[PDB]
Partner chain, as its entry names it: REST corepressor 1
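Next comes just one chain, in structure tokens: the form deposited without the partner chain.
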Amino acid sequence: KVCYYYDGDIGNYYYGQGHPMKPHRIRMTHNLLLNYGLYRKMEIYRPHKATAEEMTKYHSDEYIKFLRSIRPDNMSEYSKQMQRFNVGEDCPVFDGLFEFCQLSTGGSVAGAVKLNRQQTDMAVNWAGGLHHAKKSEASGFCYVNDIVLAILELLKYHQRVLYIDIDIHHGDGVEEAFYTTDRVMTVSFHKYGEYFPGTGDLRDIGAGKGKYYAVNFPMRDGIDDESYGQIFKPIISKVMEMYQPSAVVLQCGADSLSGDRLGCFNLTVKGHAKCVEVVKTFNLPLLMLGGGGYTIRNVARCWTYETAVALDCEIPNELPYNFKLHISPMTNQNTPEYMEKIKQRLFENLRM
């Protein structure tokens, strides 16, 4: 029941020399397709480039009117608004900045629509995973936030949606965009403490009618699979039974594994394959997006088998010519009496 959405030329927009984020992450991910049998058993599609009218449902119209203008030129005129939208320094400006994000969110809402008509029950669009962007500004190399648009698309057909993010960085925009609403359940497993987002603490949960409608797991350095899976599975096992939901969204950040640049965690090969697999047992409809990921080699090799675990067919460890596809899981400051404490805190918060 796999309907895999692959953008034809997503990996054609450069991001900068020696720049952390790499739009080639998704190309090298699926570009083991020259000897990939699963594609015969998979329905491959192409995404429809989303228009500004669909994107302005949440983003302020001025933001979209701004976004469709930037280029390697046309910066001096907008230098008074470039600093009013946070673009330029952290999230830079590259060629086709209004094309890559537009097509990614188009694919995301295409999968959302496909699930909306009960056509299929699982849909993956690895070109999503931009959860940092906000209503009026961009942050964390995320200009257009696909997750929020997909959730808005599902908000009418379904009244209860999950967002599960195992990305190292906290999902702020994907949480602020529905903070006050009581319809969406956001869950993020992030490193707190003088890290990038600076938010998503243990205490910043809910707002007004959206009170308690959020879950944050602040981890630390050197987490391992033997504890990460045991601390991760019961959170969904509890939230699903306590939310009586309709559909889920699976943001799978592949920067949360070993050897990743800017990646503090250290997860094994099969340790990562517990979010894309244990989520399937719940039998609910599911979007699947991919977020940030660096160290192209490992972020792609580990990504190869995410689809396989999402479709339930084992891919032999000896991969094609297109070295091996195995990794290792240093110290672990995540004391068991600390992770257990946070797990109990989350369990007590959800029961409220």
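Numbering follows the first chain given and starts at 1. Think of the rigid core as the biggest set of C-alphas that the two forms share within 1.5 Å after superposition.
There is another form of this protein, the form deposited with the partner chain bound, and it is not shown here; the text below is about that form.
*Asks:* Spell it out for me: taking the partner chain in the deposited complex, does every residue among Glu241, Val269 and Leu284 have a heavy atom no farther than 4.5 Å from it?
*Replies:* The answer is no: none of the three residues contacts the partner (heavy atom, 4.5 Å cut-off).
*Asks:* Pick from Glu277, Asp224, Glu176, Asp121: which has a non-hydrogen atom within 4.5 Å of the partner chain in the deposited complex?
*Replies:* Of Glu277, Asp224, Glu176, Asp121, the residue with a heavy atom within 4.5 Å of the partner chain in the deposited complex is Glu176.
*Asks:* Report whether the minimum heavy atom distance between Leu152 and the partner chain in the deposited complex is within 4.5 Å.
*Replies:* Answer yes; at least one heavy atom of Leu152 falls within 4.5 Å of the partner chain in the deposited complex.
*Asks:* Is there any non-hydrogen atom of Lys41 lying within 4.5 Å of the partner chain in the deposited complex?
*Replies:* Result yes; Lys41 sits at the interface with the partner chain in the deposited complex.
*Asks:* Using heavy atoms and a 4.5 Å limit, would one call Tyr58 a contact residue for the partner chain in the deposited complex?
*Replies:* Yes - in the deposited complex, heavy atoms of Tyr58 and the partner chain come within 4.5 Å of each other.
*Asks:* Classify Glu77 as contacting or not contacting the partner chain in the deposited complex by the rule of any non-hydrogen atom within 4.5 angstroms, answering yes or no.
*Replies:* Contact check for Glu77: no, nothing within 4.5 Å of the partner chain in the deposited complex.
*Asks:* Since the partner is left out here, which residues of 3 to 42 would have a heavy atom within 4.5 Å of the partner chain in the deposited complex?
*Replies:* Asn12, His24, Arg27, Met28, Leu34, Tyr39, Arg40, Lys41, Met42, in sequence order.
*Asks:* Hey, after the core superposition between the shown form and the other one, which of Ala308, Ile64, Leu33, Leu284 has the C-alpha moving 2 angstroms or more?
*Replies:* So the only displaced C-alpha belongs to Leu33.
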